[PDB]
Amino acid sequence: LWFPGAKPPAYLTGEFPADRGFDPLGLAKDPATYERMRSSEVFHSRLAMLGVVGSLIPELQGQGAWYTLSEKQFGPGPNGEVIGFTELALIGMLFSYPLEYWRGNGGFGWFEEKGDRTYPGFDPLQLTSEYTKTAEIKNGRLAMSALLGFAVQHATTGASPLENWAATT
Amino acid sequence: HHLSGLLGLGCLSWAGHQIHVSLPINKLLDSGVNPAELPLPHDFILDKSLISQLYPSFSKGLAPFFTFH
Amino acid sequence: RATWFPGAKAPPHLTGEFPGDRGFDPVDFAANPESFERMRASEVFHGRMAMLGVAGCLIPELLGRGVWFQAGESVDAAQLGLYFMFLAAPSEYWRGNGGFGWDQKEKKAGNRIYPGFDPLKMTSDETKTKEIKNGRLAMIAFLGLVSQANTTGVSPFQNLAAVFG
Ligand SMILES: CC1=C(C#C/C(C)=C/C=C/C(C)=C/C=C/C=C(C)/C=C/C=C(C)/C=C/[C@@]23O[C@]2(C)C[C@@H](O)CC3(C)C)C(C)(C)C[C@H](O)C1
Ligand SMILES: CC1=C(C#C/C(C)=C/C=C/C(C)=C/C=C/C=C(C)/C=C\C=C(C)/C=C/[C@@]23O[C@]2(C)C[C@@H](O)CC3(C)C)C(C)(C)C[C@H](O)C1
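Protein chains in written order, with the authors' numbering: chain 4, 123 to 291; chain A, 200 to 268; chain 5, 311 to 475.
Quick look at the structure:
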């Protein structure tokens with residue numbers, strides 16, 4: 123459980139993965155809202171795990187920081203197009219319309235789709251298990267914490283998170 | 200379907216590619232234009248001035264087609 | 311019944327039941343009645359958007375703002391586009407889902423074609439037909455706008471002037 127001297131709140135019964143008995147404000151009260159919650163958790167989780175690495179790795183290679191993505195000119199294109207963060211966001215929203223709709227829909231049709239929407243079918247090595255179902259959520263909770271860490275560390279100090287880690291090592 | 204679709208539309212589509220991509224690029228290349236400094240094929244579609252220099256009829260656009268001229 | 315071509319018979323799946331039905335579905339896109347629902351949704355939406363598109367293109371030019379294809383040279387389109395996508399993305403997700411809810415029974419709840427805004431209460435089948443017939447005419451005119459733009463390179467109203475002189 124999250125806390126040794128804590129008890130599991132009813133609905134949380136250790137059935138679904140990464141259930142470390144934790145819901146103080148009672149937000150997963152109805153078992154159907156816990157469905158949304160679960161899908162949102164694994165979505166936020168996957169995005170964070172992609173965010174941390176996608177914020178550090180360009181920083182390390184020498185491009186910039188988690189911040190300073192604005193005022194960057196993304197460019198040399200095939201016709202010598204140079205565009206700004208706004209145009210890049212617009213691109214990102216245009217190419218995210220159908221992917222997100224299809225993940226929110228369960229499939230492609232105007233009617234009922236049987237399509238999971240939390241753990242879809244993509245495992246060509248058959249590594250899906252309770253261990254891995256747990257490990258994805260756990261790493262992603264960490265990574266969410268880490269991204270909140272990035273934000274507030276840059277908020278208080280004004281330094282890049284590799285420099286703040288070099289001010290502790 | 201096989202006559203009108205596969206062969207018919209297939210010929211229309213390929214005439215479309217020829218008119219819009221193969222004819223400019225070959226016309227420029229046959230006048231010794233060094234392929235590195237050739238325009239890319241969409242450039243003939245986006246900028247009608249490029250294709251107008253080569254074939255001026257494009258400046259009249261699709262109006263002749265619809266008035267049977 | 312009256313049809314889109316003089317002596318043409320209607321397809322059997324088009325029985326006049328729904329508004330706009332003038333017996334035109336040669337490639338049988340709507341033999342399955344679930345696909346006919348989706349297509350009806352799509353036709354009304356494409357329909358509405360083209361009304362706003364055509365009115366967005368003509369009416370400013372009348373009230374001295376400029377030509378519709380020169381619009382992005384007086385605004386910062388990249389910005390606006392991003393805001394437009396930010397207003398759409400919830401709003402179109404709700405329209406698709408049927409309402410706010412991760413459950414699939416949400417799609418059965420509510421109407422995704424005629425959601426029920428009407429405050430002056432004039433929804434009939436003669437008015438549902440009017441939406442669709444204005445819509446189809448706006449779709450056809452939008453294709454005319456783009457085409458004329460490409461061919462003539464000038465204003466749409468200046469293309470109407472050339473008709474009479
Ligand atoms: C569980 C529970 C509770 C709780 C809780 C908790 C702790 C919730 C926490 C929520 C949290 C922390 C959710 C964050 C997600 C982050 C996301 C989506 C990442 C996206 C971001 C991405 C994809 C990153 C993108 C970039 O890196 C890229 C690619 C390049 C960089 O240049 C720029 C940036 C950085 C933009 C209560 C409330 C305490 C009580 C209740 O009862 C039970
Ligand atoms: C029905 C049927 C068939 C069919 C068919 C046919 C004829 C289909 C035709 C469809 C057609 C012709 C559909 C047009 C839509 C146009 C839209 C959405 C317009 C604008 C949309 C917008 C929002 C405009 C935006 C702007 O303008 C604004 C507001 C201001 C400007 O400054 C900038 C821009 C331009 C961005 C078959 C296939 C033959 C057989 C089958 O069996 C049955």
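Idealized CB from N, CA, C, for every residue including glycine.
Within the stretch 325-412 of chain 5, complete alpha helix (DSSP H) segments of at least 4 residues are found at 343-372, 387-407, given in chain order. In the three-state reduction of the DSSP assignment, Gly226 (chain 4) falls in the helix class.
Distances between the C-beta of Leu172 (chain 4) and the heavy atoms of ligand 1 include at least one below 7 Å.
Using a Cβ-Cβ cut-off of 8 Å, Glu344 (chain 5) counts as an interface residue toward chain 4, since at least one Cβ of chain 4 sits closer than that to its own. For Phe265 (chain A), the three-state secondary structure derived from DSSP is helix. Taking the Cβ atoms as the reference, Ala150 (chain 4) lies roughly 15 Å from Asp413 (chain 5), outside the contact range of under 8 Å.
DSSP links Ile218 (chain A) through a beta bridge to no other residue.
Residues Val220 of the same chain have their beta carbon placed closer than 6 Å to that of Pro240 (chain A), with the five preceding and five following residues left out of the count. For the C-beta of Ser465 (chain 5), not a single chain A residue is nearer than 9 Å; the gap to the nearest is close to 15 Å. Chain 4 has a Cβ within less than 8 Å of the Cβ of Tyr403 (chain 5). Following the DSSP letters along the chain, one finds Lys440 (chain 5) inside the alpha helix (DSSP H) bounded by residues 435-462.
Among the residues of the stretch 203-231 of chain 4, those with a Cβ less than 9 Å away from any Cβ of chain 5 are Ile205, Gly206, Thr208, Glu209, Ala211, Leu212, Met215, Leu216, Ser218, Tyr219, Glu222, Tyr223, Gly226, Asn227, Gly228, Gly231, in the order of the chain. Under a criterion of Cβ atoms nearer than 8 Å, the residues of chain 5 adjacent to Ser161 (chain 4) are, in order, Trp412. Listed as beta-bridge partners of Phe467 (chain 5) by DSSP are no residues whatsoever. Not one heavy atom of ligand 1 sits closer than 7 Å to the Cβ of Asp141 (chain 4). Interface annotation, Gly260 (chain A): in contact with chain 5, CB-CB separation under 8 Å.
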